[PDB]
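Undergrad: Here you go, one structure.
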Amino acid sequence: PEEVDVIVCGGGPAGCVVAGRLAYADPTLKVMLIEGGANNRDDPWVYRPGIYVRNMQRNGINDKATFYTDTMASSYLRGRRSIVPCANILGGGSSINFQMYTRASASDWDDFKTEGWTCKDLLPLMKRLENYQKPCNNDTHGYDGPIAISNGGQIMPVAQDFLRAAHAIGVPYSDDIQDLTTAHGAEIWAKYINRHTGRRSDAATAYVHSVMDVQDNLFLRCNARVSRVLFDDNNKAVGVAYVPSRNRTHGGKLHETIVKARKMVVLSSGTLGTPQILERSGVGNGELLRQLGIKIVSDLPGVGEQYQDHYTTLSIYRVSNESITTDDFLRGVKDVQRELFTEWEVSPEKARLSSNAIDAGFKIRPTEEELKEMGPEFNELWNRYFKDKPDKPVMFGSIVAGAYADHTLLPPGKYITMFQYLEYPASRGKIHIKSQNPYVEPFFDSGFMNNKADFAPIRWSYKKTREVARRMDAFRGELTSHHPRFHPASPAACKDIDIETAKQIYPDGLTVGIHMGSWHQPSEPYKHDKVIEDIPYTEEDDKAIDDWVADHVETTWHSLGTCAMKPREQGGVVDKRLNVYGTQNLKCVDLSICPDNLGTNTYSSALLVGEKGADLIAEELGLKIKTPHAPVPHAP
Amino acid sequence: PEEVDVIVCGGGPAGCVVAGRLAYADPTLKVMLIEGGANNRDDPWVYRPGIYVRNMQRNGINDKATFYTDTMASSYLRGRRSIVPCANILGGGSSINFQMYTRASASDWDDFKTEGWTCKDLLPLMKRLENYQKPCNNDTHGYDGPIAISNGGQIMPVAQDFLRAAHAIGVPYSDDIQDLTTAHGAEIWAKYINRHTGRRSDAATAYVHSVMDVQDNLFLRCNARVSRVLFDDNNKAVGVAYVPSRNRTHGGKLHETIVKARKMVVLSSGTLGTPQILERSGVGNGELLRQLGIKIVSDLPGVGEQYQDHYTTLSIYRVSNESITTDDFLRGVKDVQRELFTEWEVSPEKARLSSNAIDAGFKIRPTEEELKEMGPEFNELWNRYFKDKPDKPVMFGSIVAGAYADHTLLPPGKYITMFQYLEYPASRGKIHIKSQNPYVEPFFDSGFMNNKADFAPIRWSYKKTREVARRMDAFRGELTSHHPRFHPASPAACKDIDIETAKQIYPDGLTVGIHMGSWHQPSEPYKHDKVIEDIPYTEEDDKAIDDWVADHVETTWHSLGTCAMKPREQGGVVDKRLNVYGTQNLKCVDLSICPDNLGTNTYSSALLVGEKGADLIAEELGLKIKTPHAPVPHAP
Amino acid sequence: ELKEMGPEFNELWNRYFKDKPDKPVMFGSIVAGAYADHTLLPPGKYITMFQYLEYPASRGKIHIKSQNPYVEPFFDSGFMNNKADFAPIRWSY
Ligand SMILES: Cc1cc2nc3c(=O)[nH]c(=O)nc-3n(C[C@H](O)[C@H](O)[C@H](O)COP(=O)(O)OP(=O)(O)OC[C@H]3O[C@@H](n4cnc5c(N)ncnc54)[C@H](O)[C@@H]3O)c2cc1C
Ligand SMILES: Cc1cc2nc3c(=O)[nH]c(=O)nc-3n(C[C@H](O)[C@H](O)[C@H](O)COP(=O)(O)OP(=O)(O)OC[C@H]3O[C@@H](n4cnc5c(N)ncnc54)[C@H](O)[C@@H]3O)c2cc1C
């Protein structure tokens, strides 16, 4: 219809929870979800975990992502314009992400320094979302929420190889590193996949499609880019306008359709999508809205400021050819793909495709001794942020059974990638609209690495994860092309594939073992009995790793902080109930509200923010949340 | 975690019973299971029965096994060094074995000469562990235990061929040779495979993973080598020290983590693993420890003595090309392997891969007539040991529908092997550590055949099993190459493949039937009418079999007796409750404790010992065991 | 182009190539493929500009180490032990 009670704008995790919970809470309450991206209901290119890699392809076909490029070349990235993609589909990140189950640490929530957002406070909500389907030796998880969490159809043999190697450098094993209390140790790494169906646990099918199947009070509009929030004379949100996804209107004319909201408007268009809708509605930096010809509804300079992410490095390593990897699946080899697709359809609960192949990893924290070697500028932060926060980790590290890279730019053979990310970076970016027009790309700045304290931890990670690589059974060398530019004579120089392994790739090849060019220093053949010693590094080596970082550091899609929940004189954007200052009947519930980072893959978090905002809206509307939620399609 | 109540060392079946039963009797009881090898949970190379054969490959890739090699060469095996492998995975033998369901005879347990270990005393515990999923005409088997037993998905046509042949040489058919009573009979042979799911009945999934799914008191540390047991001032067991599987630390330098036990320390690291743990803890031969510089805790010289095993011989026969066998699958013929893997995924309840293809066999016992033909030294052992013990078989004999043998040394075509073993050897061995280091190999000595009584029965078997093969429909010849070196004109000399079978193998080959070299004596082509009479043997022939026994006899992986349960003054190591003499809170519960051999494939034996040890620790801690156990994953 | 190439290659030019007009400095040829270990190359198709220095200044040596005709001798390519050789190859690239 034209009018409804609640409007959710952006169908990410947070938005899907809000829209679903409230609708199920009261069959009368007419509520509508509006999403720029397409509907994801029963799309095999969503519900199948194994194909997740393809969503980040800039190949002119894929449209499940929008790609936001740095407006200016960053000095700090030795000249590059950082790319930060985000989701453009119902379910948002939930429908396209890597599907790693990680939780933030207890202190991360405490450090929101807001009433109702303690660890204490959110633990029941954390439980309310989870359907934990794997063993653990603690009580910290939920067992009847709508979001399935499991170890997937099949862990890869490299997982336990990685663990054996982690142990050999003294990162301890743990049954569950997602227990809110841990910041140093290594686990078998769970996924958002239903143990029994092998399907991706996406927020849309869990919270929204569940309800639409059983009630008539939840309205879904997809392929609907939300332009702006229509305001009152009093700055009460009265409604919203939306346009077609594509700009394929005759003339390229703007075709707005207005939808009205009796009670509440909710913005859930994500860290990058929310502060644009606010801005072109009139809720932003005054000087900016003025320059674009936008009547100010509320002067909030913090709208689209303090853009926070996790900073990813990907260290790639060649592995033996009898190793199990995703490389040939990712390459598009037609009987490798025909096989896994078939396996999934016949036996999902055992299928390789019922996984992300990211089956092991650690949270890590530096020793006293190691801290000396890291920067003054990092040592400052240590004392400030980490020193007496023993439950906060500095780095992440996982092992992907396969290269997460353009295979069009990788030699033949098998690989593993050490997927790394900085947990609480000091650097900060921002995002601002360039026009009222909802189709024009905004201004954007990653801000990756513009604080010098963010280098030394990542550098420490490269070295650390490499010592794990070198001690794995499967290891057969570093991929020299994608590693730091070490001096060739340095004891820290890379060693690429060994001759035995190369010949197996191309056993009729005319070219294997031709030294002519000296493009790679070969590894010696693998010995089981080898006695291994740490790589020594110099200041020159460190300068190389530092440079490599600048050149190859990336987003982790764990974007937050662009509509911060802090006091307004500190530049914040929302209340402890997430209302937008200077307005009535408008909230932001998504990861934009975070005032500080969380040491975790942020799907868990976006869901928990969604759960908290569903409580805040429920008690404001005089409603109560039903447990359990409506049955989730295809679940046993 | 740093401290627990019970610590079980080694995740063999016995260990898995102990760790699982106790954690499930009392959810307060914090129990940790420590396992040298990797976790077997949902490994398709563990749970699919038909790939079991790969686990004994010495190919520098497979690591689900450790290989012990005799320190010295044995005169008795004509100068070779015996190789005894054992399991190196969670579940131990249960994850990698032949999955043959066999039980010992009643007298075997009675002959332990220990109260609480009578057949009578253990029969209820025998039934507790079994889930019997096949028909039989007795009341000897359990029906609600964790470990599922069946005839698998599909019996092979050679099974009833073998029985028809056994019948024709006077071994009678029986519904059940595993009734504790039968010593001379032939059955269809059952497997540790679930009838409904087609999955392997491994101890870990049944006892441990079942529990860990539903409680938080059972802790699992895999890839962790138990070095030594930590002792109190009064020889009480206070904890355990473990190191990583791989010795891949910086500078190969030792790294022990410690874990303390409040109540009990159980050892289940196997016949070969257990004694080693005792000896480097300071429990063993007083002199050996003195020289290795280990402080004595308890002088028990018989730690690592009385190594008993079952002695395997493998008689290979050629069969018709229309026979159905595992040979092409074992060779790696991709579309044979693809047809069988796929069949298992779609319908495990009837798949060829839901089997071990050891689908029939017999326990056998010699006549008065036959005894005379055996030695003086075996007739002596016959009177002393078998004469008034009629429920003990002398030899086990079964048919593998395929060649259990390196196919790299086999001609093309189809095979069946007669898998034979000696049920009670007189011959004896020993194992002792060489260092305080846990990474070093121990001094080892199989002891195979060092007792001359052990030849005659094996020679007797070769003759007997040959007469069966020759009377089969599938039989097309003896594989001369892998048979005893008979004189070529001896009426007992081998006849190999006939010409019609050979032409079938290579119908466009230029070489089939070239006599040049006279490398084989061809069989005459198959006649369904052929009258058959026993091969006669001379003394020279018998010598050729004796030598063939010395050359080709192996372990059956049924290793026992290295921490024996008898009075300490008879060189015993444990109480009638399995307490280590001269210590407090320390028990061996695995097959090490057995004072004598068992006429059985020893997975059943190890489980029972486990069930018994669980009873003994349950009454000592005033716990009560729950029946049924925790529901086993994927079971109906 | 001679100005780009530095003082130690100009001293060679005057000494060796100046009034010797039939002497080339660098050779260059297209190979229709990679001449390199394909084990170290991404997928796709390639060509290589195969380049070599016609008259290097750098010198090497080879002497035996034993009377035995099977032991490896001492060897020294001597490549680039004369800075004059860098500049023309750079110009080739
Ligand atoms: C490729 C990838 C990998 C990731 N890796 C992991 C991982 O390993 N583990 C993990 O747990 N999480 C991972 N995530 C992170 C996680 O998915 C995000 O933190 C989470 O999805 C963000 O939730 P959100 O509600 O704040 O916004 P989003 O999920 O981004 O959803 C915002 C939605 O709003 C819609 N929208 C935007 N603008 C408009 C508009 N104007 N009108 C209408 N609709 C609009 C978008 O189409 C989108 O669907 C990753 C994310 C991505 C993209
Ligand atoms: C290839 C094979 C074929 C067999 N065939 C059959 C058959 O056909 N039928 C049948 O019924 N049975 C069979 N068995 C025999 C049966 O499996 C064994 O007798 C039985 O498993 C022994 O049980 P256990 O508890 O005594 O020790 P094990 O099964 O040997 O298990 C010992 C465990 O302890 C671990 N370990 C060793 N040392 C240490 C240490 N220092 N620290 C920590 N952990 C350690 C090992 O990794 C292993 O997992 C076979 C076994 C194998 C391996």
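Numbers and lists here come from the model and the stated rules, or from a named source; no laboratory read-out is quoted. Virtual Cβ from ideal backbone geometry, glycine too; neighbours counted across all protein chains shown.
Undergrad: Those residues that are away from ligand 1 (no atom under 12 Å from the Cβ) and not charged (D, E, K, R), I need them from the range A:47-62; list them, please.
TA: Passing the criteria: A:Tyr47, A:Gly50, A:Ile51, A:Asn59, A:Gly60, A:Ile61.
Undergrad: Restricting attention to the range B:264-298, report how many residues are assigned to a helix (DSSP H, G or I) and within 16 Å of ligand 2 (Cβ to nearest atom).
TA: Residues in the range B:264-298 being assigned to a helix (DSSP H, G or I) and within 16 Å of ligand 2 (Cβ to nearest atom): 12 in total.
Undergrad: Checking the structure you have, find out if any residue of the range B:70-89 is over 16 Å from B:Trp557 (Cβ atoms), within 15 Å of ligand 2 (Cβ to nearest atom) and in contact (Cβ under 8 Å) with a residue 40 or more places away in the chain.
TA: Checking the range B:70-89: not a single residue is over 16 Å from B:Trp557 (Cβ atoms), within 15 Å of ligand 2 (Cβ to nearest atom) and in contact (Cβ under 8 Å) with a residue 40 or more places away in the chain.
Undergrad: Test B:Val17 against the stated conditions and say whether it is under 27 Å from B:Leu623 (Cβ atoms) and buried (at least 21 other Cβ atoms within 10 Å of the Cβ).
TA: In short, yes.
Undergrad: Please enumerate the residues belonging to the range B:183-194 that are farther than 17 Å from B:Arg164 by Cα and surrounded by 21 or more Cβ atoms within 10 Å (Cβ to Cβ).
TA: B:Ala190, B:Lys191, B:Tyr192, B:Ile193, B:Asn194
Undergrad: Just the residues that are among the small types (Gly, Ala, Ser) and more than 15 Å from A:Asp547 (Cα to Cα), please, taken from the range A:469-491.
TA: Hits for the range A:469-491 are A:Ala469, A:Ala474, A:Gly477, A:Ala489, A:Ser490.
Undergrad: Identify, from the list B:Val240, B:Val208, the residue that is more than 16 Å from ligand 1 (Cβ to nearest atom), more than 23 Å from the chain's Cα centre (by Cα) and of a type outside the set (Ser, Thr, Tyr).
TA: B:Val240 is the lone residue from the list that is more than 16 Å from ligand 1 (Cβ to nearest atom), more than 23 Å from the chain's Cα centre (by Cα) and of a type outside the set (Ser, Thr, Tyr).
Undergrad: Please determine, by comparing only the residues of the range A:519-533 that are over 29 Å from C:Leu41 (Cβ atoms) and exposed (fewer than 14 other Cβ atoms within 10 Å of the Cβ), which one is farthest from the other protein chains (Cβ to nearest Cβ).
TA: This residue is A:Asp529.
Undergrad: Find the residue count for the range B:90-113, including only residues that are assigned to a loop (DSSP other than H, G, I, E, B) and without any contact (Cβ under 8 Å) to a residue 60 or more places away in the chain.
TA: So the answer is 0.
Undergrad: Output the residues belonging to the range A:162-193 that are of a type in the set (D, E, K, R) and at the interface with another protein chain (Cβ under 9 Å from one of its Cβ atoms).
TA: A:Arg164, A:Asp175
Undergrad: Checking the structure you have, find out if any residue of the range B:20-34 is under 30 Å from B:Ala550 (Cβ atoms), away from ligand 1 (no atom under 16 Å from the Cβ) and crowded, with 21+ Cβ neighbours inside 10 Å.
TA: no
Undergrad: Also, I was wondering about something else. Against the condition under 27 Å from B:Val171 (Cα atoms) and either in a strand (DSSP E or B) or free of Cβ contacts under 8 Å to residues at least 12 places away in the same chain (or both), how does B:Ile458 come out, does it pass?
TA: So B:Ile458 fails the test.
Undergrad: Another question, then. I need the full set of residues from the range B:244-266 which are at the interface with chain A (Cβ under 7 Å from one of its Cβ atoms) and either small (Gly, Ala, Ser) or within 32 Å of the chain's Cα centre (by Cα) (or both), in order please.
TA: Within the range B:244-266, B:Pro244, B:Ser245, B:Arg246, B:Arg248, B:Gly251, B:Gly252 meet the criteria.
Undergrad: Something else: Could you please find all residues in the range A:453-478 being away from chain B (no Cβ under 14 Å) and over 23 Å from the mean Cα position of the chain (by Cα)?
TA: Passing the criteria: A:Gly477, A:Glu478.
Undergrad: Further, regarding this structure: So B:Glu130 ticks every box in (1) touching a residue at least 40 places away in the same chain (Cβ under 8 Å); (2) buried (at least 20 other Cβ atoms within 10 Å of the Cβ); (3) within 16 Å of ligand 2 (Cβ to nearest atom); (4) under 22 Å from B:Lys350 (Cα atoms) but one. Which box is left unticked?
TA: All conditions are met except number (1).
Undergrad: Return only the number of the condition from (1) within 14 Å of ligand 1 (Cβ to nearest atom); (2) in contact with a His (Cβ under 8 Å, 6 or more places away or on another chain) that A:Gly613 does not satisfy.
TA: A:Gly613 satisfies every listed condition except (2).
Undergrad: Name every residue in the range A:291-341 that is under 20 Å from A:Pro411 (Cα atoms), away from every other protein chain (no Cβ under 14 Å) and of a type in the set (A, V, I, L, M), in order of residue number.
TA: Passing the criteria: only A:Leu314.
Undergrad: Is it true that B:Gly116 is outside any strand (DSSP E or B), more than 22 Å from the chain's Cα centre (by Cα), free of Cβ contacts under 8 Å to residues at least 60 places away in the same chain and more than 16 Å from ligand 1 (Cβ to nearest atom)?
TA: Taking the combined requirement at face value, the residue does not satisfy it.
Undergrad: A further question follows. Hey, could you check the range C:34-57 for residues that are out of contact with any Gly (no Cβ under 9 Å at 6 or more places or on another chain) and at the interface with chain A (Cβ under 9 Å from one of its Cβ atoms) and say which is nearest to A:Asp498 (Cα to Cα)?
TA: Looking at residues that are out of contact with any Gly (no Cβ under 9 Å at 6 or more places or on another chain) and at the interface with chain A (Cβ under 9 Å from one of its Cβ atoms), I get C:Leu41.
Undergrad: Can we say A:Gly599 is in contact with a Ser or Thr (Cβ under 8 Å, 6 or more places away or on another chain) and at positive phi?
TA: No, not satisfied.
Undergrad: Right, another one. Suppose we keep only residues that are in a loop (DSSP other than H, G, I, E, B), under 40 Å from the mean Cα position of the chain (by Cα) and facing chain C (nearest Cβ under 7 Å) within the range A:495-511. Which one would you say is farthest from A:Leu479 (Cα to Cα)?
TA: Per the stated criteria, the residue is A:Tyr506.
Undergrad: Looking at B:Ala261, B:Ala203, B:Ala241, which one is within 16 Å of ligand 2 (Cβ to nearest atom), farther than 22 Å from B:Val4 by Cα and small (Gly, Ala, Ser)?
TA: B:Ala203
Undergrad: Filter the range A:534-569 down to residues that are over 29 Å from A:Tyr404 (Cβ atoms) and free of Cβ contacts under 8 Å to residues at least 12 places away in the same chain, then give me how many there are.
TA: Here the count works out to 3.
Undergrad: If you check A:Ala73 against the conditions, is it under 27 Å from A:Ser427 (Cβ atoms), exposed (fewer than 14 other Cβ atoms within 10 Å of the Cβ), away from every other protein chain (no Cβ under 14 Å) and away from ligand 1 (no atom under 16 Å from the Cβ)?
TA: Judged against the criteria, A:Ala73 is a match.
Undergrad: Of the numbered conditions (1) part of a loop (DSSP other than H, G, I, E, B); (2) at negative phi; (3) surrounded by fewer than 22 Cβ atoms within 10 Å (Cβ to Cβ); (4) not basic (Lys, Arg), B:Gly170 fails exactly one; give the number of that condition.
TA: (2)
Undergrad: If you don't mind, there's one more thing I want to ask. In the range B:582-589, is there at least one residue being in contact with a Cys (Cβ under 8 Å, 6 or more places away or on another chain) and buried (at least 16 other Cβ atoms within 10 Å of the Cβ)?
TA: Yes, that holds for at least one residue.
Undergrad: Checking B:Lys236 against (1) in contact with a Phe, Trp or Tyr (Cβ under 9 Å, 6 or more places away or on another chain); (2) surrounded by fewer than 21 Cβ atoms within 10 Å (Cβ to Cβ); (3) away from every other protein chain (no Cβ under 14 Å), only one condition comes out false. Which one?
TA: (1)
Undergrad: What is the one condition in (1) of a type in the set (A, V, I, L, M); (2) surrounded by 24 or more Cβ atoms within 10 Å (Cβ to Cβ); (3) in the same structural domain as A:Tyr462 (by CATH) that A:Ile593 does not satisfy?
TA: (3)
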